[PDB]
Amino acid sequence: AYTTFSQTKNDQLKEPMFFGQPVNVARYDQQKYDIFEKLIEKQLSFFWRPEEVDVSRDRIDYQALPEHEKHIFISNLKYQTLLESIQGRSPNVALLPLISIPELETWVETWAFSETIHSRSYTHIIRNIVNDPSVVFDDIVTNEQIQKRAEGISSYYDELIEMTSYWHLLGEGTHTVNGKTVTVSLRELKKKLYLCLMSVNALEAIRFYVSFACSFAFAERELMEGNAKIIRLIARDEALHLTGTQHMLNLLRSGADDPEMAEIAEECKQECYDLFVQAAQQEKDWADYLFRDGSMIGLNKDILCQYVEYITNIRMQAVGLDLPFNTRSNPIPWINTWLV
């Protein structure tokens, strides 16, 4: 039931963010939610190209690095790479088919485009510090260590995409497919989207900020500056992305866009709380692999874990959830000079 161009003339200012009539005309002179247009404008003003950044000295720095420090750096790089690979394609495949207002549709495509730039920035870095990228990229797919901290991400997406297909093909109701009953409920599909968005918010607001900490730690000891410039640029974009998800979630919760959503959100309550708790726990567990062969002066499992708790409470509070960790001060205040 999906269409690339709905022939019905509708007031786009009256459609909900999701599940309404598919967007037909792309206009930007007006918007139901001005914030998405502001995010497109900001992101476009930040346009950058990784190839231009000078990472020529990073090879000398990396080579001089002690083995366990090479391990920490390259492992952080492999994870960032896997997350961006998924973020480059997923927002378009999972959200585009469900969006019903123009500014949000375009923001999703701009956001996803920026992710492919990040992925491209990692190839730029890898190529300039290793003799063969092929070894780095192949290890990403294998090595359960990586897949372990990331387990569940592709899960939330894949499930949303499949239920969305059944909905477009069969419509709401109970059906018979090859002799088996299949139920299609819009209420359950709306729940699937909210949970997905929450997982994405956790990915960009928490999982990525933990990785930045590891990157900037090297920058503090005046090493890997080429990588550092790029990470600052990526972090500047990520702040825009997390703002977008925070607004999507809070607007859906308010009930002003779709009352049924506010009702479902109250039911999603414990589930979204738990997925944030699970993500936080996965980041900590990943620390065990990062510091397998040893840690660094100002960075170790303990400090990283404190930062995970510190940032998770901040992110969860921003979307109205209760805080799972003890309140604390920033454990690595030096990172502030690198962000913003």
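Numbers for residues come from their place in the sequence shown, where the first is 1.
Judged by mean Cα B factor in the deposited record, 137-145 ranks above the other of 137-145 and 85-93.
The mean C-alpha temperature factor is higher for 55-63 when 41-49 and 55-63 are set side by side. In the deposited coordinates, the residue among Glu151, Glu238, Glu188, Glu159 with the greatest CA B-factor is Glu151.
Residue set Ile129, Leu193, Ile117, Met248: peak C-alpha B-factor at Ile129 (per PDB entry). Among the modelled residues of the chain, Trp107 sits in the lowest third by CA temperature factor in this PDB entry. Among all modelled residues in this chain, the alpha-carbon of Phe36 has a temperature factor (C-alpha) in the lowest third. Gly171: CA B factor in the lowest third of modelled residues in this chain (values from the PDB entry). In this PDB entry, the Cα temperature factor of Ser295 sits in the top third of its chain's modelled residues, the highest group. Among the modelled residues of the chain, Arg232 sits in the lowest third by CA temperature factor in this PDB entry.
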